[PDB]
Amino acid sequence: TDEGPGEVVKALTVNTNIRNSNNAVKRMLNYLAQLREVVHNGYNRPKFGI
Amino acid sequence: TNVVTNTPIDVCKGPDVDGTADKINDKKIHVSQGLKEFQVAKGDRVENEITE
Amino acid sequence: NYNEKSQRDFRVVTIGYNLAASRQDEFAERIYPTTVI
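Protein chains in written order, with PDB author numbering: chain x, 499 to 548; chain O, 54 to 105; chain j, 164 to 200.
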């Protein structure tokens with residue numbers, strides 16, 4: 499095909515942009531899950547590597 | 054770094070092409086290749102290497 | 164940190180690396196002089 503892809507290349511950027519939001523939500527939820535585990539197990543004081 | 058002092062280098066351009074469809078005029082065409090692609094000419098230069 | 168003796172910053176020296184060759188080295192050029200075909 500001599501014609502370019504048309505207005506579908508932007509969909510590649512949109513795909514990645516939506517994935518960025520999804521990664522933020524997953525990262526948040528998994529981050530909270532790790533936080534719940536750490537606080538439940540008992541590390542009230544600030545510390546490195548926990 | 055690399056230094057090439059005296060070496061003849063032949064750098065190929067390659068096929069600078071896009072694989073895009075090209076329409077042809079098929080109505081009436083002909084083909085007529087010559088001996089060049091075989092170099093068997095120039096007075097049959099294989100036996101006629103010496104002329105003396 | 165009682166003793167902040169240097170541990171991470173160093174004086175970095177990047178050495179040269181220059182490779183070279185002629186179409187044929189002199190030893191072989193004198194034995195087999197080049198003829199262009």
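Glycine included, every Cβ here is placed at the ideal spot set by N, Cα and C.
- Straight-line spacing of the CA atoms in O/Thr54 and O/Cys65 works out to 23 Å.
- Residue pairing by DSSP places j/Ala183 opposite O/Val56 in a beta bridge.
- If you check the CB distance, x/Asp500 and O/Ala74 come in under 8 Å.
- The C-beta of j/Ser185 comes closer than 8 Å to at least one C-beta of chain O.
- In the structure shown, the three-state DSSP call for O/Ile103 is coil.
- Minimum Cα-Cα distance from j/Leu182 among the listed residues O/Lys81, O/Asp71, O/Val99, O/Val57 corresponds to O/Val57.
- The criterion of a C-beta distance shorter than 8 Å is satisfied by x/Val536 and x/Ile548.
- The continuous stretches of alpha helix (DSSP H) do not include O/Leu88, and DSSP gives it neither H nor E.
- About 5 Å separates the Cβ atoms of j/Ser185 and O/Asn59, confirming a contact at the 8 Å cut-off.
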